[PDB]
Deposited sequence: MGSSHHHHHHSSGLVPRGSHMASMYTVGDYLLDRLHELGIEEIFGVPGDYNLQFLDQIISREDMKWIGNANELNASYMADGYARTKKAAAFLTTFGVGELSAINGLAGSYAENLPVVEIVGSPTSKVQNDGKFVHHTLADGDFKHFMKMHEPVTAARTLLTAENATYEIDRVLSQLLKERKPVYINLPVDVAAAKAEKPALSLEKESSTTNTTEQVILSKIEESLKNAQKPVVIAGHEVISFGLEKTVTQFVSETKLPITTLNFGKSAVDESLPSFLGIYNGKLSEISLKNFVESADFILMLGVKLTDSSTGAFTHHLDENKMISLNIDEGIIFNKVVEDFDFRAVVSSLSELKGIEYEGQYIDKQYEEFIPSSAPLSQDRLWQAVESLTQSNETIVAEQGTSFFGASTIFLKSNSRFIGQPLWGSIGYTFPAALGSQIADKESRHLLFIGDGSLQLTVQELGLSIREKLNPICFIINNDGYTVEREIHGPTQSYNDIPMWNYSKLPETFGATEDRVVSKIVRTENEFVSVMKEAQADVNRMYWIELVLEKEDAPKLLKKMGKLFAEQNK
């Protein structure tokens, strides 16, 4: 005790999760996990945060992982885990270190092949773990005898790859005896790679660094930011991995998005005589539909799974090790110019809100130490090109792209870092998939600033195909009235409807000033209105499907 005044498998697991920095566990109870839940409740250093549904729990855990750099959620066998599998798939796709723990029937029930609830009534308790094979780095069915080694095996894999892992925990196994862990869970080619990077950087007249999502996966953002700061090297990111570095840096160019990039940025990146890519993956939504021009012959790329050193593929290295050794490199100093930064100002008028002006306003009015979360749709494509201020972060999901993700994810990330004010931009159509976590936000007294873009349906879809087709319409809810209906009082959530630029600036400033309440702001915009980037990208998506 600070004042100076049987251990089980459940305790072992929770101890290991604590070691990973996890302070909150998400999910949904079921009879197959209640005993383990008791253990979570009893922890002084860990809080149960129950969700309305499992899909939302999985999304929330993903957002938490993006910020905390590890996460866990708990589901029940079959119905819980299968509800959550799309969330876990997104965590696999975008490489987030999420542990799913699945409570399962007792070892005896499983061995007896009983036709119990949440099964296919065939006596087989292994189907659902098999179904997770493509979306997990490691998976285990625990037994009393295997539990400590298996837990350590799968969580060690979480540490190695920062991809999701899966632990099936039978009821009787969680209560089984265990011994406390004795030890914590925590170079030639790597030195050759570093030497070639050093040589290349010092000989380059116009180097450029491109940072991506795998930097975020490993919590290497501050490391890369420090490296770029010290060396003055020009740096860009894709929108997949936005905020992999601090965007306030004088050498940060903007977001490279293939032919849809700002022209000076495009020209700079594509004329660089050496390119260092750190944790980047080139996807349709992050390359202007594969219209990038990045010359492999002038490139060293480093990824979790492999590196390419001027076309020579290598696999025998640790990504984290190499990236963290970059500031061992001395004497690198870029002495050239970057690109002209446009002056950021927003003066509101009484005009109705438009998409392009909205994102100009958000860019101006966003502060340091904030996290911007932006949903697939007009929100992602608008918010993705805003220059973030110092110590600010971004969460977007351009590879997996599962609409609805951002609402629970924003809440999870907000819980992970309560000192970073979260601003959520989510469309009406996307909010409808995951709205029920409003209850959690109220109960947990979270204070994010949430902007709901009511444009009367699926505007991004209208831009790709069928602008006046009925399937792009959705039932219109009274979005501003949701918090009240879900149990919020005025001292917890402030709700607003905003139609004009003046109203937007007033409410945004009001929200930013008032750090002790959540803001729920319904923005009204025209269905035909799309930000410039999406007007272009919509047609490229359409072309990709021809």
In sequence order, the deposited-sequence ranges that have no modelled C-alpha atom: 1-9, 15-23, 205-210
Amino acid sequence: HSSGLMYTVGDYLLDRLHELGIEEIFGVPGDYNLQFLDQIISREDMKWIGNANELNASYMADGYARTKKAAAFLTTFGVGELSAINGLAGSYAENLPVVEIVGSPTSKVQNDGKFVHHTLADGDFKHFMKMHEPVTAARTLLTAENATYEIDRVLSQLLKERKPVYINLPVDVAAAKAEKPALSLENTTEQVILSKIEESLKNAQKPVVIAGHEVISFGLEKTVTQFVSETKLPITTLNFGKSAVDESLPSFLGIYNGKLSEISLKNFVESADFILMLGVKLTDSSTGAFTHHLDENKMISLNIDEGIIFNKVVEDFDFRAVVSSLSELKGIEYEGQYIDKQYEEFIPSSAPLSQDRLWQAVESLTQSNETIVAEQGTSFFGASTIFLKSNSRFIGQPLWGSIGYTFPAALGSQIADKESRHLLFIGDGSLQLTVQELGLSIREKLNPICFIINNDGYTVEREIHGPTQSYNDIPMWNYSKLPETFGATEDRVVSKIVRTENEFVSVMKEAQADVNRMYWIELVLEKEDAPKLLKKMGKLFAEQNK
From here on, numbers count along this sequence of modelled residues.
Stretch with the greater mean C-alpha B-factor as recorded in the entry, comparing 382-390 against 112-120: 382-390
70-78 versus 206-214 - greater average Cα B-factor per the deposited record: 206-214
Residue with highest C-alpha B-factor in the PDB entry, from 154, 102, 313, 282: 313
Residue, from 150, 370, 437, 335, that the PDB entry assigns the highest Cα B-factor: 335
Cα B factor band for residue 37 (lowest, middle or highest third within the chain): middle
Residue 482 CA temperature factor, ranked by third within the chain: middle
Where the record places residue 457 (Cα B-factor, split into thirds across the chain): lowest
Within-chain third of residue 65 by Cα B-factor, per the entry: lowest
Record-listed C-alpha B factor of residue 443: chain third: middle
